[PDB]
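The chain that follows stands alone, in the form deposited in one PDB entry, written as structure tokens.
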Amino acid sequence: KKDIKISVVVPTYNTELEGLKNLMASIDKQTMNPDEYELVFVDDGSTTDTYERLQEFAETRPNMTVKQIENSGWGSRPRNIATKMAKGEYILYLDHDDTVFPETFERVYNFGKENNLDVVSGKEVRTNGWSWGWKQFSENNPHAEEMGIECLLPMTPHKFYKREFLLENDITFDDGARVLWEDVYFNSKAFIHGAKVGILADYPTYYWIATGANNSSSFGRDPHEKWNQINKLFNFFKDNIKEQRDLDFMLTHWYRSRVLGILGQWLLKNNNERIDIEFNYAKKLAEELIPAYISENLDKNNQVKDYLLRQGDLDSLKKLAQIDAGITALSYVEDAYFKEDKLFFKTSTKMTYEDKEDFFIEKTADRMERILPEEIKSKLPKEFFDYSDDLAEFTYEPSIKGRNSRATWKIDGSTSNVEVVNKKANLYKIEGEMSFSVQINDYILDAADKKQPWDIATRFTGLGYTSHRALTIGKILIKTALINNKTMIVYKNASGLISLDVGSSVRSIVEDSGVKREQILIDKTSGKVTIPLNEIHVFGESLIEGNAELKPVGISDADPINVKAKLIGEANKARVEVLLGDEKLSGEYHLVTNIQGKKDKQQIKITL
């Protein structure tokens, strides 16, 4: 019949139909025609009656196929079996707790088909954090495998894989024994077999939801199992990745992230029993599997960690974790205002311990050094605590997050400046300033994005530290704008962080702007009541439909009178027109406007 573009494989196990409502809805709302994709659910031997109800459900959907296998224990064998019965050109591994954005299938397929891609690595979104794949999802790239294996990071399985490519190269998930980071093996095997990879960065494709339920299995908490799994992963890299630059990247990335990653604040969150266990494991892994040259790919602080790890100097690493504890960079709002159709920010930041006192580096002779106790300084190669060659590698960038979609984006076009300032004696602090503007239409991709609160954040990097935190301000900030049929309010939110409310999802634009009460005009021939807004930045033409409620003054149990109202922006002024029209009214009346589902508390009263 008609060729299938996309096969969505979803493993299940004791999965109630109610737990699939959001998933099924996100698939049903795909712009792609439903006879061009298929769903392949494979049940991992459920013991309850959830499989029966799944098969009954699938009887009403011709593009949905449902199968059950003997219980294997995890979703690898369900994914593999679903893959062998899929018919689509591309396969998406969609976990049943996750959802897909409405234009994903169309955009991903068109991108993969036009560029003959074997893997489409689409922008993935996560519930928490201010970024995901910040480096890799930076621009669309149809030839991303030219960058080497890093084009597949983050190595989740939530990409679109060309089915014939998986089958031709026998790329499958491991279903013989549970392994950690199974998706890292899967994506590595794809790259090793010469996959053409494309990165689709301009549209969120996949939403990996954080459920809050814990994988509280003894398998994932066993420290001996953990380091057995890390040994297996590094031996997999060394045995199978032949291109030197790809092997060295994987060895560096994973040594830094999961091996040296236990040598910082992890040392302050664990007891000596588990520290000694995991530390001895890491020392053995560095010696046996990690070439000594890898350490030259690392930043200064990681070179110190690698050095002391190989020395077995756990006591110094513990002391260094105490000295490093709390280093951060939080941005303060210096200025915020609307100009034309955009919102402008001036921000400032400096490196601190937990937004308190200054973080310092020390100038000795002609080199800027890390402030360390003399016992540790004399134990290290001198270059490792010399920041001199790193004082020009600071970055300071802004970012935004949709509070409903959870999509995160870099705000482009910013200018920033980071200075190393001599505070006192030979101590130097790190100060930064940034200017940027927000054109909210750059981030409105789905219709739901038009009414959303947006949260603003800054990303500061330098000296090996990365601080991506929300933008904040201390004083109360409330500023409003009416820009080309968009209500916009920038404000200090309830957590003390900077937000932009578009579409009255959180705040009332009438209440936040104020009402020139003495400038209210009543036209008794047309029934129009004009209510001009006080403090608001108006750009372009705007007409927001709403309504208003009238109740007579004095009557306690008065019945409301509902009429149509309009928020109008023209000639850089804003007003609410309440259309009484033909209604017969007399006396004084309360007036409460209801624009975009928010009511004002301006105590407006009119007399007819």
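Heads up, when I say rigid core I mean the largest set of C-alphas that superpose within 1.5 Å between the two forms. One-based numbering along the sequence shown.
Here the subject shifts to the form deposited in another entry, a form of this protein not shown in this document.
- Taking the core as reference between this form and the one not shown, the lone member of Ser542, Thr50, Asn63, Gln30 whose Cα moves by 2 Å or more is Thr50.
- For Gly19, a C-alpha deviation of 2 angstroms or more is recorded between this form and the one not shown after rigid-core alignment.
- The two forms, fitted on the rigid core, differ between this form and the one not shown by less than 2 Å at the CA of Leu579.
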